Amino acid sequence: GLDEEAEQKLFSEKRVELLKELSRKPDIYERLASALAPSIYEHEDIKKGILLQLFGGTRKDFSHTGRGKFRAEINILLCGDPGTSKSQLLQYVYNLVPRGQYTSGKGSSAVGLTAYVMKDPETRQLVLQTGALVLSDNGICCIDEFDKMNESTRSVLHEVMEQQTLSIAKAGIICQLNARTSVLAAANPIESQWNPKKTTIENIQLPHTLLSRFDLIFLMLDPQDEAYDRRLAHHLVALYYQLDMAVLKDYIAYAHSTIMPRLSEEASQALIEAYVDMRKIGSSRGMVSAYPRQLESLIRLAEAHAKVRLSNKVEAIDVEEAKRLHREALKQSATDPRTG
DNA sequence: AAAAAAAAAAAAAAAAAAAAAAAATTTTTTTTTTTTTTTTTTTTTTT
């Protein structure tokens with residue numbers, strides 16, 4: 001938790017040295033991605049993205065710049081056919097992370113997510129009760145069935161995902177609650193099935209205003225592949241008859257405790273070129289167009305990868321990995337700049 | 001047929017009109033009984 005991470009004496013020197021060795025290990029990224037959800041079969045990219053979400057970028061103090069508050073959290077949207085294990089991944093993250101909240105489909109409401117007023121039935125006094133987005137203030141909110149979220153409540157997510165703030169101005173109480181959450185959402189393509197004729201956006205059916213907030217979108221699509229089907233069946237049957245959580249937890253805690261990656265000059269130039277190329281690619285008709293929110297997303301992902309590496313300095317390796325992850329997500333490589 | 005807007009309802013919170021509940025010893029009077037005094041009646045003593 002946040003308090004345990006803040007406390008100085010959370011790790012012995014031996015544990016610190018062991019974690020630093022694990023970091024100097026060259027495949028620590030893939031090791032941790034595989035460790036996450038150990039019983040989810042080869043979702044390497046999705047697991048890597050979720051790991052980056054857990055690690056999170058750097059907290060930045062832009063108060064002196066009069067710019068506002070920058071969201072260091074990473075948001076992920078798993079757009080996939082029902083039965084693609086997106087709900088399983090959502091539940092795994094929900095049960096794994098402290099300060100985790102879970103909502104699904106039409107079971108939520110704008111007031112119930114933001115806040116409301118009730119009558120505390122022990123003091124007989126009217127008090128204010130938070131919602132899921134506030135209870136997950138410094139953690140994660142998992143929104144399953146993210147498409148059955150009638151806009152009345154989906155509108156609330158704009159403020160949360162943009163400025164980490166929830167400005168409530170009701171009859172009696174005016175305030176702005178901190179909602180510095182990370183959103184992991186699950187969406188089903190229209191008709192509950194991905195038409196292999198409509199483009200990515202036409203299938204997702206989410207407004208660009210919202211989709212540009214998610215700094216990672218994974219298309220859980222099913223390739224009709226013999227090897228994949230056979231190995232998946234083997235794994236699923238193996239579950240029917242038969243890294244450590246400790247090291248993973250300690251690694252994440254140490255990373256949050258004393259890792260604050262900072263952009264280097266080379267990484268800055270790489271990010272500039274990455275954003276220009278990404279915008280050029282996304283200019284296509286039906287693809288997910290890239291706005292400067294995507295440069296922000298690339299910075300976030302690069303910082304998260306640097307934190308995973310414990311570098312403390314964001315590097316061209318990290319920015320390139322952010323490029324690769326954001327590109328493999330949405331299947332940009334596998335989609336032509338005209339059709340899906 | 002699906003999404004958004006409108007409204008319609010349900011339930012909960014709040015503020016008066018009427019009804020219902022709570023809180024409450026002390027002073028003065030009179031009656032009885034008992035005693036004291038007056039006069040009449042009766043008794044006793046002296047011539």
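What you see below is based on every heavy atom in this structure, not just the backbone, and it leaves out hydrogens, waters and symmetry mates. Numbers restart at 1 for each chain; the letters A, B, ... are given by sequence-line order, proteins then strands.
- To the nearest angstrom, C1' of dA12(B) lies 8 Å from NZ of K119(A).
- Under 4.0 Å is where a charged nitrogen must lie from a carboxylate oxygen, and between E303(A) and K60(A) at least one such pair does.
- Summarising the geometry, the separation between CD on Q205(A) and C1' on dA3(B) is reported as 9 Å, rounded to the nearest angstrom.
- Under a hydrophobic-cluster definition in which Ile, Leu, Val, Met, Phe, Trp and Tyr are linked whenever side-chain heavy atoms come within less than 4.5 Å, directly or via other members, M245(A) and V308(A) are assigned to the same cluster.
- Atom OH of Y116(A) is separated from atom P of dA12(B) by 15 Å (rounded to the nearest Å).
- Atom P of nucleotide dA3(B) and atom CG of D147(A) are separated by 9 Å, given to the nearest angstrom.
- Rounded to an integer number of Å, the gap from CZ of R154(A) to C1' of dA5(B) is 15 Å.
- Distance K106(A) NZ to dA3(B) P: 7 Å, rounded to the nearest Å.
- Between the P atom of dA12(B) and the CZ atom of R124(A) lies a distance of 12 Å, rounded to the nearest Å.
- Distance CG (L206(A)) to P (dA3(B)): 12 Å, rounded to an integer number of Å.
- By the 30° and 60° cut-offs, the orientation of the rings of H256(A) relative to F55(A) is perpendicular.
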Checklist entry - side chain to side chain contact (heavy atoms under 4.5 Å, CB included) between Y254(A) and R15(A): does it pass, once the steps are laid out? => result CA-CA 10 Å; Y254(A) 181 72; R15(A) 176 65 78 180; over 6 Å; no

